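Colleague: Pasting in a structure now, in C-alpha cells, and then I'll have a few things to ask.
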Amino acid sequence: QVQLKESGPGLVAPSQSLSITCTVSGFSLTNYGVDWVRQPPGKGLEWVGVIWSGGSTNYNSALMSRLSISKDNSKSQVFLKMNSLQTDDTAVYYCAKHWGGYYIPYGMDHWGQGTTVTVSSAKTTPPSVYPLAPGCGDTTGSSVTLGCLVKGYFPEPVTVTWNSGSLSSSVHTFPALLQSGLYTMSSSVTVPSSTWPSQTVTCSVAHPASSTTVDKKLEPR
Amino acid sequence: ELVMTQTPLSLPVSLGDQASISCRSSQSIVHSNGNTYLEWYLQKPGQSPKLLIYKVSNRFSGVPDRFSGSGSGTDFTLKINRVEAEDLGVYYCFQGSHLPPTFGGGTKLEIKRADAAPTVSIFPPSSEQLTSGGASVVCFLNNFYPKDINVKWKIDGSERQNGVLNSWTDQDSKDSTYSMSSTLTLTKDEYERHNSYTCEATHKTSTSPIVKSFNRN
Ligand SMILES: [Zn+2]
Ligand SMILES: [Zn+2]
Ligand SMILES: [Zn+2]
Ligand SMILES: [Zn+2]
Ligand SMILES: [Zn+2]
Ligand SMILES: [Zn+2]
Ligand SMILES: [Zn+2]
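Chains H and L, in that order, are what the protein sequence lines are. Mind the numbering: the first sequence is residues 1 to 82, 82A to 82C, 83 to 100, 100A to 100E, 101 to 130, 133 to 154, 156 to 157, 162 to 169, 171 to 180, 183 to 196, 198 to 200, 202 to 206, 208 to 223, 226 to 228 in PDB author numbering, read in order. Mind the numbering: the second sequence is residues 1 to 27, 27A to 27E, 28 to 212 in PDB author numbering, read in order.
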C-alpha cells in the first residue's frame, strides 16, 4: 500500500523559514521522483518542484530562488525548505509521486493528504463563541435555525460540533474569513421546532491550535 | 512560463447529462518526439487531487470510461458523460513536458438543479458579545439555487455596506444547493443607537426580495 504523509509547522512568521517533511510508505525513493504542489486558500494548484529518483531537482519559475528540495533515501523522507517567506506563501502543501519511474512522468500517482501552512505575525488566539438565537419577536413553525458565531481566532481552523454529532441534520459550516488579522466563521443547524427550546441544543467549538473547547448552550432571548 | 488556460471557470451541468471542459496552452505542447504530456486532475471538496487522464487520452486505473480526454497541440478537452454526484469538484489540466510543469486555473463543476429560494433568518447580537464591546448581527440564507444572491443590510430603513462579510458554502452534495452567511459588525455604541435591523436577500427565484428583521425593543 502506497502512502505519502506531510508534516509541517502550521504557522510561520513572514520572513522566517518553512521546512516540510514528506515521509513515504510502500515504495522506494530510488525508484520514483516526488513532486511538491501547493494550493493557496481558494486558488488553483501550483506546481512547486520535483526531486527525481536520481537526486536532482527542478523548481517553479516564481519560487525558484527561495526553494530547496532535499531527500534522505534511507529514511524515506523528502524535504522542502523555503526561505524569506511571504504572506503569499500561505497554502496547503502536498507531495505527490510520479507514476512514471523514468525521467518523463506520465502523471502524479498518489498524493499526500496535504498540510496547511499559515504565514503571518498574528499569535495563537482562542476563539470567542457567541450563540445565535432567534429574537422572541418572530415565531416560525415547522423548523428552527440556530447558529454559533466563532469570532477572533487564529490560526485556522475550528470544528463546530452540534449535540455530540447527533445533529448532522442540516449543519451548515461557513468558511472562515479574515477580519482585523483574525478569523471568523459561523455554523448553523436546523432542528424541528417542537424540539427547541423544548430540548437542549449546544454547539461545541474546538480550536486544536490553542487547546480550547468552548461550549455554548443555545437559549431563547 | 508556459500558461495553460482553462474554460469555462465554472460549468453547470444536469445530473446524468454530459460535461465538457477545455484547456488551451499558450504554446504548442507536442514534443518533436510526437509525444504529448497532458494530464487531467480532479480535486473533490476537502480532498487531494487525483489523476484521471494522463496522456491526453489515457484513462488512469480505476477511472470509469465515461471520462474521456482529447485534443491536438494547443487545444484539449476533458469530457464527462452521465455526470454523477461523485463527479463534483475542480478539474485541472496539467502539462509536465515543458519545464516548469504548470496547471490550468481549474474548472468548478457545478450541478444544475431547480431554482430554490433561500430560508432566511436574522439573529441579533448575543448579550455576551455586547458585553465585549462589539455587536455582530447575523443573517443565514440557507439552501438556495443558483449561487448568485444579494444581501442588503438595513438599519432603520437605511442601507449599510461598511463592515459586511459574506461567506458561501461549497455546493451541498445531497441537495445541490448553496448556503451563505452575512454578518454586519458594528460597535455596541453604534448598535444601541438604532431600532431596526433588516436583512434583504435578492435572488432570481423572485423579483420580490426576502426580508427578515427585528427591533431591539
Ligand atoms: Zn513531476
Ligand atoms: Zn497506485
Ligand atoms: Zn522533448
Ligand atoms: Zn465502457
Ligand atoms: Zn519547451
Ligand atoms: Zn443545506
Ligand atoms: Zn437610527
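Ideal Cβ positions, reconstructed from N, Cα and C, are used throughout, including at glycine.
Taking 7 Å as the line, does the beta carbon of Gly104 (chain H) fall inside it for any heavy atom of ligand 1?
Modeller: Counting from one through the first sequence, the residue named residue 104 (chain H) turns up at place 112. No; taking the cut-off as 7 Å, the Cβ of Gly104 (chain H) has no heavy atom of ligand 1 nearer than that.
Colleague: Which residue wins for smallest C-alpha separation from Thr5 (chain L), given the options L:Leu15, L:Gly16, L:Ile21 and L:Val13?
Modeller: Indexing the second sequence from 1 puts residue 5 (chain L) at position 5. Comparing Cα positions, the closest option is L:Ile21.
Colleague: Where does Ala62 (chain H) land, buried or exposed, given buried means 16+ other C-beta within 10 angstroms?
Modeller: Taking the first residue of the first sequence as position 1, residue 62 (chain H) is located at position 62. Exposed, because fewer than 16 other Cβ atoms sit within 10 Å of the Cβ of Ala62 (chain H).
Colleague: Please tell me whether, using a cut-off of 7 Å, the distance from the CB of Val2 (chain H) to the nearest non-hydrogen atom of ligand 2 is below it.
Modeller: Working through the first sequence from its first residue, we reach residue 2 (chain H) at position 2. Correct: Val2 (chain H) has its Cβ closer than 7 Å to ligand 2.
Colleague: Is the number of C-beta pairs between the region 208-223 of chain H and the region 121-129 of chain H that are closer than 8 Å three or more?
Modeller: yes
Colleague: Is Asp170 (chain L) near ligand 6 - that is, is its Cβ less than 7 Å away from at least one heavy atom of it?
Modeller: In the second sequence, counting from the first residue as 1, residue 170 (chain L) sits at position 175. Checking the Cβ of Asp170 (chain L) against ligand 6 gives yes.
Colleague: Cβ of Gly101 (chain L) within 7 Å of any heavy atom in ligand 1?
Modeller: Within the second sequence, residue 101 (chain L) is the residue found at index 106, counting from 1. No, the beta carbon of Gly101 (chain L) sits no closer than 7 Å to any heavy atom of ligand 1.
Colleague: Quick check on this structure: which residue in H:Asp130, H:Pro149, H:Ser189 and H:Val138 has the alpha carbon closest to the alpha carbon of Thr156 (chain H)?
Modeller: Counted from its first residue, the first sequence places residue 156 (chain H) at position 161. The option with the nearest alpha carbon to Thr156 (chain H) is H:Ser189.
Colleague: Taking only heavy atoms of ligand 6 into account, decide whether any of them is closer than 7 Å to the Cβ of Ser136 (chain H).
Modeller: Here residue 136 (chain H) refers to the residue found at position 142 of the first sequence. Not so, every heavy atom of ligand 6 lies at least 7 Å from the Cβ.
Colleague: Taking 7 Å as the cut-off, is the CB of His172 (chain H) close to at least one heavy atom of ligand 6?
Modeller: Position 172 of the first sequence holds residue 172 (chain H). Answer for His172 (chain H): yes, Cβ within range of ligand 6.
Colleague: Using DSSP with H/G/I as helix, E/B as strand and the rest coil, what is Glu195 (chain L)?
Modeller: As a first step, residue 195 (chain L) is located in the second sequence; it is residue number 200 there, counting from the start. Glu195 (chain L) falls in the strand class under three-state DSSP.
Colleague: Give me the chain L residues within the contact set of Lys115 (chain H), using Cβ-Cβ distance strictly less than 8 Å, ordered along the chain.
Modeller: Here the question's residue 115 (chain H) lines up with position 123 in the first sequence. Simply none; closest approach about 19 Å.
Colleague: Does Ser162 (chain L) have its Cβ less than 8 Å from a Cβ in chain H?
Modeller: As a working note, residue 162 (chain L) is residue 167 in the second sequence. Yes, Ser162 (chain L) counts as interfacial toward chain H.
Colleague: When the Cα atoms are used, what is the spatial distance from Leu178 (chain H) to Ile117 (chain L)?
Modeller: Numbered from its first residue, the first sequence carries residue 178 (chain H) at position 178. Numbered from its first residue, the second sequence carries residue 117 (chain L) at position 122. So the alpha carbons of these two residues sit roughly 22 Å apart.
Colleague: Residue ranges of each alpha helix (DSSP H) run of no fewer than 4 residues wholly in the region 2-51 of chain H, ordered along the chain?
Modeller: none
Colleague: By the 10 Å Cβ neighbour count, where 16 or more other Cβ atoms means buried, how is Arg38 (chain H) classified, buried or exposed?
Modeller: Here residue 38 (chain H) corresponds to residue number 38 of the first sequence, with the count starting at 1. The residue in question, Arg38 (chain H), is buried, as its Cβ has 16 or more Cβ neighbours within 10 Å.
Colleague: If contacts are defined as beta-carbon pairs under 8 Å, then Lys50 (chain L) and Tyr32 (chain L) qualify, I think. What distance do you get, rounded to the angstrom?
Modeller: Reading the second sequence from its first residue, position 55 is the one you call residue 50 (chain L). Reading the second sequence from its first residue, position 37 is the one you call residue 32 (chain L). Right, their Cβ atoms sit about 7 Å apart.
Colleague: Name, please, each residue of chain L whose Cβ falls closer than 8 Å to the Cβ of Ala125 (chain H).
Modeller: Counting from one through the first sequence, the residue named residue 125 (chain H) turns up at place 133. Result: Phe118 and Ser121.
Colleague: If we count the other Cβ atoms within 10 Å of its Cβ and call it buried at 16 or more, is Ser153 (chain L) buried or exposed?
Modeller: As a first step, residue 153 (chain L) is located in the second sequence; it is residue number 158 there, counting from the start. So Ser153 (chain L) counts as exposed.
Colleague: Quick check: is the beta carbon of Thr5 (chain L) nearer than 8 Å to any beta carbon in chain H?
Modeller: Numbered from 1 along the second sequence, position 5 holds the residue referred to as residue 5 (chain L). So, not an interface residue.
Colleague: So within the region 100-171 of chain L, which uninterrupted beta strand (DSSP E) runs reach at least 3 residues, ignoring any that extend past its ends?
Modeller: Scanning the region 100-171 of chain L from its first residue to its last, the whole beta strand (DSSP E) runs of 3-plus residues come out as 102-107, 114-118, 129-139, 145-150, 153-155 and 159-163.
Colleague: Would you report the Cα separation of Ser209 (chain H) and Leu143 (chain H), rounded to the nearest angstrom?
Modeller: Here residue 209 (chain H) corresponds to residue number 204 of the first sequence, with the count starting at 1. Here residue 143 (chain H) corresponds to residue number 149 of the first sequence, with the count starting at 1. Taking the straight line joining both Cα atoms gives about 11 Å.
Colleague: Of the choices L:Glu79, L:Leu94 and L:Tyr140, whose alpha-carbon is the least far from that of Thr172 (chain L)?
Modeller: On the second sequence, position 177 is the one that residue 172 (chain L) refers to. Comparing Cα-Cα distances from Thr172 (chain L) to each of L:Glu79, L:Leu94 and L:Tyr140, the minimum goes to L:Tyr140.
Colleague: Any residue with its Cβ nearer than 7 Å to a heavy atom of ligand 3 should be included. What is that list in chain order?
Modeller: L:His27D, L:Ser27E, L:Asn28 and L:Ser92
Colleague: Under the three-state reduction of DSSP, which class applies to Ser92 (chain L): helix, strand or coil?
Modeller: Stepping through the second sequence from its first residue, residue 92 (chain L) is reached at position 97. The answer is coil: DSSP assigns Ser92 (chain L) none of H, G, I, E or B.
Colleague: Taking only heavy atoms of ligand 1 into account, decide whether any of them is closer than 7 Å to the Cβ of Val24 (chain H).
Modeller: Counting from 1 along the first sequence, the entry for residue 24 (chain H) is found at position 24. Flag unset: Cβ of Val24 (chain H) not near ligand 1.
Colleague: Can you tell me which of L:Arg77, L:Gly16, L:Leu104 and L:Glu79 puts its alpha carbon nearest to the alpha carbon of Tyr87 (chain L)?
Modeller: Locating residue 87 (chain L) in the second sequence gives position 92, counting from the first residue. Here the closest residue by C-alpha is L:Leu104.
Colleague: Could you tell me if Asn82A (chain H) is buried or exposed, where buried requires 16 or more neighbouring beta carbons within 10 angstroms of its beta carbon?
Modeller: Position 83 of the first sequence, counting from 1, holds the residue named residue 82A (chain H). Exposed.
Colleague: Identify whether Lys50 (chain L) lies in helix, strand or coil by the three-state DSSP scheme.
Modeller: Counting from one through the second sequence, the residue named residue 50 (chain L) turns up at place 55. The three-state secondary structure of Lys50 (chain L), taken from DSSP, is coil.
Colleague: Does DSSP classify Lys183 (chain L) as helix, strand or coil?
Modeller: Within the second sequence, residue 183 (chain L) is the residue found at index 188, counting from 1. In this structure, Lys183 (chain L) counts as helix in the three-state DSSP scheme.
Colleague: How is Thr198 (chain H) classed by DSSP in three states: helix, strand or coil?
Modeller: Counting from one through the first sequence, the residue named residue 198 (chain H) turns up at place 195. Coil at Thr198 (chain H), not helix or strand.
Colleague: Thinking C-alpha only, which one of H:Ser74, H:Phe79 and H:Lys75 is nearest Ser68 (chain H)?
Modeller: On the first sequence, position 68 is the one that residue 68 (chain H) refers to. The option with the nearest alpha carbon to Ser68 (chain H) is H:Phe79.
Colleague: Less than 7 Å between the CB of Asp130 (chain H) and some heavy atom of ligand 6, yes or no?
Modeller: In the first sequence, the residue the question calls residue 130 (chain H) occupies position 138. Outside the cutoff, so no.
Colleague: On the three-state DSSP scale, how would you describe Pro175 (chain H)?
Modeller: Position 175 of the first sequence, counting from 1, holds the residue named residue 175 (chain H). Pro175 (chain H) falls in the strand class under three-state DSSP.
Colleague: Kindly list, in the order they appear in chain H, the residues whose Cβ is closer than 7 Å to that of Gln124 (chain L).
Modeller: As a position in the second sequence, residue 124 (chain L) is number 129, starting the count at 1. Within chain H, the residues near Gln124 (chain L) are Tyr122.
Colleague: Just the chain L side, please: which residues come within less than 9 Å of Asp130 (chain H) by C-beta, in chain order?
Modeller: Position 138 of the first sequence, counted from the start, is the residue given in the question as residue 130 (chain H). Per Cβ cutoff of 9 Å: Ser116, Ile117, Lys207, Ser208 and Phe209.
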